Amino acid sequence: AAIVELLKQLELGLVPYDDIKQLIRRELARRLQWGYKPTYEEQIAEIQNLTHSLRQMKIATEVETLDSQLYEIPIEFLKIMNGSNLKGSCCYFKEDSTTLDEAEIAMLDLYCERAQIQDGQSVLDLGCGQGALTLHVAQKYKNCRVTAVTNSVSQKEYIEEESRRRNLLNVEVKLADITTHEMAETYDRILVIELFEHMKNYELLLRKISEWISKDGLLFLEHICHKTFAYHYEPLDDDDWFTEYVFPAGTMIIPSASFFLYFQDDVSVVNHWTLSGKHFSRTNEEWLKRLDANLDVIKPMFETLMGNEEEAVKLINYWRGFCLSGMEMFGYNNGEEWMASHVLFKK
C-alpha cells in the first residue's frame, strides 16, 4: 500500500542513490533478523526443512518466463553494462586497482584453477550465459572440447558468432533446457556458474548432472549464498518490497554456504571455498558506473526497444535497482553476510 508509492518513485528515478541504499540496508537488516535463529539447533533445522522441502519439487518451476524477462537481453546493452568478457556473474577483485575487466579475467582463471582444467579435456559449461567462461576456456586450452549449454537463443547466437570471429574452433553451443534435457554424452569437467539459484530440486538436478560426468571427472559449482541461513526469495511480510524488487518471486533461491553439502547422493565434495561479498558488490558497483556513464547511448536504445518514454525510464531504473540491490546486499557488513561459494565435486 504505502510501498506501492515507493516502487513508483523508484520506477520514475525520483529517489537518489544514498536514499535508495539506506532503504535497502533497512530491508537487509530485517532479512538477517528473520534468518538468524537464537539457538543453533533451530538454525540447523531451518536448513533441514528447506533441503527436505526442495526434494519434493521439480528440477525447476517456471523455467523460461525467467529467461524472457532476464537473459533475453540485448547484446548491445550487456556490452555497455558488463565488462568485455560479458560475465553476468561475480567477478574477483584482488587489489583496489582492479578494474572490472581484470576482475572478470581473475575470476575466470580461478575457475580453471579450481576446476583443475587441463588442455585436452571435454569441458561442459551449464548455464553458459554470454559465454565468458566458454570462450575463456576455449582460447586458453586449444585442445579442449567445450560445450556450452543455454536455453536462450540470443546467448547461443552470440557465443557461436563470437567463437567464429575469435577463431575458436573448439566451441559447441547446444540450445536446451537443463531441467528436462537428457544427453548421453559425458565430460571431464562440468562447470556451473550461478545457475542453481534458479532451480529447485537440487537432488534431481545433481542426479541428472552426475551422469554427464565421465569417470575421474569433476563438477565445479559457483553459487551466491548467505554465510549461515538459506531461503526462497519470497517477501518476509507485508512490508518487504526488496525481495521482489529485482527478481520476480519464485525465480530465486539464496542457498547457505553449506547448502549443497546436503545434496551428496550422487556426487561427493572434494573441496569447498567461499569468497567475500565485496567481490560481487564491486562487480555490481562497476556495472552501475557503466550504466550512468553511458546514459546517452542507453536511453535511445531503451526508447526504441520499448517503443515508448513511459517505459524506457522504468527499464533503466530497473537496472540501477539490480545493481544497487547486489551492491548493498553482498556489500553488507563488509561482505561477511551474503557472499559466493565454490564447491568441487567428483562422482
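Residue indices: 1-based, along the sequence shown.
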Going by the B-factors listed in the PDB entry, is the mean over the C-alpha atoms higher for 119 to 127 or for 256 to 264?
119 to 127
Between 278 to 286 and 60 to 68 (mean CA B-factor, as deposited), the higher
60 to 68
Which of these, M183, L236, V149, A132, has its C-alpha atom at the highest B-factor, as the entry lists it?
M183
From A249, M199, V171, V137, can you pick the one with the highest C-alpha B factor in the entry?
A249
Could you say whether, by C-alpha temperature factor, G307 belongs to the lowest, middle or highest third of its chain?
highest
Considering every modelled residue of the chain and its Cα B-factor in the PDB entry, is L344 in the lowest, middle or highest third?
lowest
Name the third of the chain's ranked CA B-factors that contains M81, choosing lowest, middle or highest.
highest
Would you mind checking where the Cα B-factor of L10 ranks among the modelled residues of its chain, as the lowest, middle or highest third?
middle
Among the modelled residues of its chain, does the C-alpha B-factor of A176 lie in the lowest, middle or highest third?
highest
